[PDB]
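In C-alpha cells, the next block holds one chain alone, the form solved without the RNA.
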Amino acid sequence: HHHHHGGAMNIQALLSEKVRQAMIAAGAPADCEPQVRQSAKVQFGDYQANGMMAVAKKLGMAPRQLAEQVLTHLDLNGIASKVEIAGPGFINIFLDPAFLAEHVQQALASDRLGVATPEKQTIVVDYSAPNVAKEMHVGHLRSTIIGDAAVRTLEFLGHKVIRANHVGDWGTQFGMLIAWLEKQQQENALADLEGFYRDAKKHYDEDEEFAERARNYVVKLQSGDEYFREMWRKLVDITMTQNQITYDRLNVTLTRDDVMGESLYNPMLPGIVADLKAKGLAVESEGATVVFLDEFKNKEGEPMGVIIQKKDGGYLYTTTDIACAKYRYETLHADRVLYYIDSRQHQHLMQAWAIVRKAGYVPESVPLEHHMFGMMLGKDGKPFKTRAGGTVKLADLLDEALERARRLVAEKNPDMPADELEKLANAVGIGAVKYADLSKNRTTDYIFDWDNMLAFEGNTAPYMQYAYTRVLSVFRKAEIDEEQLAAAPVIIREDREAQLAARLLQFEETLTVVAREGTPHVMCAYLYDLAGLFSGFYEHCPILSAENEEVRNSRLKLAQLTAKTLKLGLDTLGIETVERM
C-alpha cells in the first residue's frame, strides 16, 4: 500500500504523513492539511486529526461520513493502538505502548535524545545590542535572554547560527568619552571604567571648552582620522570586556567576535543611498533623500517618504537598517534573519525592510523576522527603575539576584560544602532572572517580581531545578545494575507510564515550535507539564521498589529519560541545573 518517505520524523509529523495519505486515498487533494495536534484531554487519546471538517467542506461532503472513509485507508499499525472517530468527524489517535517503548529506548541511546536534525540553514540572530558608551543596563536584558534561547535552540537543531551583537558603538556619546581619555592618558598621562563614564560627564557640564571640544571630537572621529579611531577602538574594547564578564555571569553564549556594531555598516551607507538613487527609488524631498512607500502614511496622510539621508547630509537608523539586512544576506549568506528588538521599533524596521525588498537587497525567500517583546515594568505598571528612579545596572541586578538566592537557599538550609552551595545559589538566582522572562510570552509586557520568580511553587526556575533533583534522587547508581539496565527493555503497561513516555517523545515537536515562532515560553510550559507528569508517575508507580525486575528497570529508564529531557530542555533556555539541593 502506502509507504513512509524520508528519514526520522517525530510523532506529530509521522501521524501527519499517515493521515494525509488516508485523506488523499479518500479523495482529498494533494495539499490537504490533516491538522494533527496533541490532544487536550486523554479520553480523546494522545493526538487528534482536526483537519477533517475543512477537507470535507472543500470536497463538499459530510465530515462524519468522510472520516469513516479516511478511517478505512488509515494504517497506524505499529504506531497507534486505537483509532476512533469522535463528534463531527474528529480522529482520536491512541498511541501503541510498543511504539512508545522503542522510541524511549532509542531516545536514551542518543546523546540528543533522538531529536531529528532539520535541513540546515544559516541563521543570523540579532540580539542584546547594548550601548557601549556606558555600562550595560536592564533595557538590554530581555533581548539578551530571549535571543540567546533562540540561538541555543537553533544550534541544538544543528543550524549555522551567527550571533550578531548590534552594539551602539557610534553615537555622539563618544565625543565626551574620547575627549576625557585624551585629557588623561595622553596630554596628562577596568576598575577605572566605572570612574571613567562619570568623570567624563563630570566635565561635560563644568567646562565650556571641554564640552565644546567633545562635540567636535565627534566630527574628527567621523572624519576618519586614525588617531581618534584608535582611541575609539580602545574604549569599545574595554567596555565589551566589561560586558563579557556580565554575559558570562548570565551564562549567555555571546562572545567578543559576535560584535557587529552599527559602525561596521558606516562605510556602506553612501553606497546604499547612491544605489537606491540609481534604482530610481530614492529622490530629493525637502532637502532630504527619501524613498516613498505605499504601505505607510506620513502625518499629513500622504504616502510616506522614508528618509535615508537628511538635509545636513547625515544618515540615520533606517540607512543602517537597510545596510544591515543587505550585509547579512550578501556577506553572511543568511537564509533567515531574526531580530530580537523592543516592539516600539516595529514600524522603523518594517519601513527599512520594505525598502530592502524594493531594492532586491534580500530575496523574499529569506525572511526578516521581528521577534518583538514588551518592555520590563515595575509593580507600578511603569518602566523598570530602582527605589528612586535611575536606570538599573545589569551588574547590580545580578548582584541582588545572587544575594537573594543565597538567603532563599539558606531558608531550607540544606547544608552542603562551601563551593557547592555557591554553585547552587548562582544556578537559582541567575536561573530565576532568565526563566521569569522566558516563561512568559515575549510579546506581553513583563512585570518584574522578586517574590514570584524565586518561589519553589509554580513554573519558576527554582521549581524546575528542584523537580530535576527529585528525578535524579530516584535514579540511584549505587543500587542499580547499570549494564543490566542499559540492556533492559522498556515495557509500558500503565496509563501514567504511557502518558509520561508520550510527553517525553514530544520534546522534538516542542523545539520545532520554538525554532519556528521564536517563543521559548512554549519550552517553559512543556518542561513544567513534564515535571508534573513525572510527579504523578512517581507517586502512583513504584520505581526502585517495583514488584519485579522488568518493571523496575523499565520505570528507571523512564525516570532516566525524564532527567535527560529536563536537563537538555533547560539547557536550551540557558538554565543551569544542580545534582542535589
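The numbering used is simple: start at 1 and walk along the sequence shown. Think of the rigid core as the biggest set of C-alphas that the two forms share within 1.5 Å after superposition.
Below, we turn to the form deposited with the RNA bound, even though it does not appear here.
Asks: Report the residue, out of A86, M416, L402, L71, that has at least one non-hydrogen atom within 4.5 angstroms of the RNA in the deposited complex.
Replies: Flagged contact: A86.
Asks: Which one of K326, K440, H137, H166 is close to the RNA in the deposited complex, taking close to mean a heavy atom within 4.5 Å?
Replies: In short, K440.
Asks: State yes only if every one of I146, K358 and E364 has a non-hydrogen atom within 4.5 Å of the RNA in the deposited complex; otherwise state no.
Replies: Not one of the three qualifies.
Asks: Does any heavy atom of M53 come within 4.5 Å of a heavy atom of the RNA in the deposited complex?
Replies: Yes, contact at 4.5 Å.
Asks: Even though the RNA is not shown here, does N216 get within 4.5 Å of it in the deposited complex, heavy atoms only?
Replies: Contact check for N216: no, nothing within 4.5 Å of the RNA in the deposited complex.
Asks: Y446 near the RNA in the deposited complex, any heavy atom under 4.5 Å?
Replies: Yes - in the deposited complex, heavy atoms of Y446 and the RNA come within 4.5 Å of each other.
Asks: Can any non-hydrogen atom of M304 be found within 4.5 angstroms of the RNA in the deposited complex?
Replies: Yes, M304 is a contact residue.
Asks: Look at the stretches 234-242, 260-268, 150-158, 371-379 and give the one with heavy atoms within 4.5 Å of the RNA in the deposited complex.
Replies: Of the options, only 371-379 has residues within 4.5 Å of the partner.
Asks: With the partner left out here, which residues of 333-357 have a non-hydrogen atom within 4.5 Å of the RNA in the deposited complex?
Replies: Contacts from 333-357: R344, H346, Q347, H348.
Asks: Compare C-alpha positions between this form and the one not shown after fitting on the rigid core and state which of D111, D481, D248, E457 moves by at least 2 angstroms.
Replies: One residue passes the 2 Å cut-off, namely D481.
Asks: Under a superposition restricted to the rigid core, does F94 display a Cα displacement of 2 angstroms or more between this form and the one not shown?
Replies: The answer is no; the displacement is under 2 Å.
Asks: Honestly, after the rigid core fit, is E494 moving at least 2 Å at Cα between this form and the one not shown?
Replies: No, the C-alpha moves less than 2 Å.
Asks: Is the C-alpha displacement of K201 equal to or greater than 2 Å between this form and the one not shown once the rigid core has been superposed?
Replies: Yes, its C-alpha moves 2 Å or more.
Asks: Quick one: with a 3 Å or larger change, is the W353 to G301 CA distance smaller or larger in the deposited complex? Answer closer or farther.
Replies: Closer together, which means the C-alphas of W353 and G301 are at least 3 Å nearer in the deposited complex.
Asks: Do the C-alpha atoms of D415 and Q465 sit closer or farther apart in the deposited complex than they do here, given a shift of 3 Å or more?
Replies: Farther is correct, given that in the deposited complex the C-alpha spacing of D415 to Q465 is increased by at least 3 Å.
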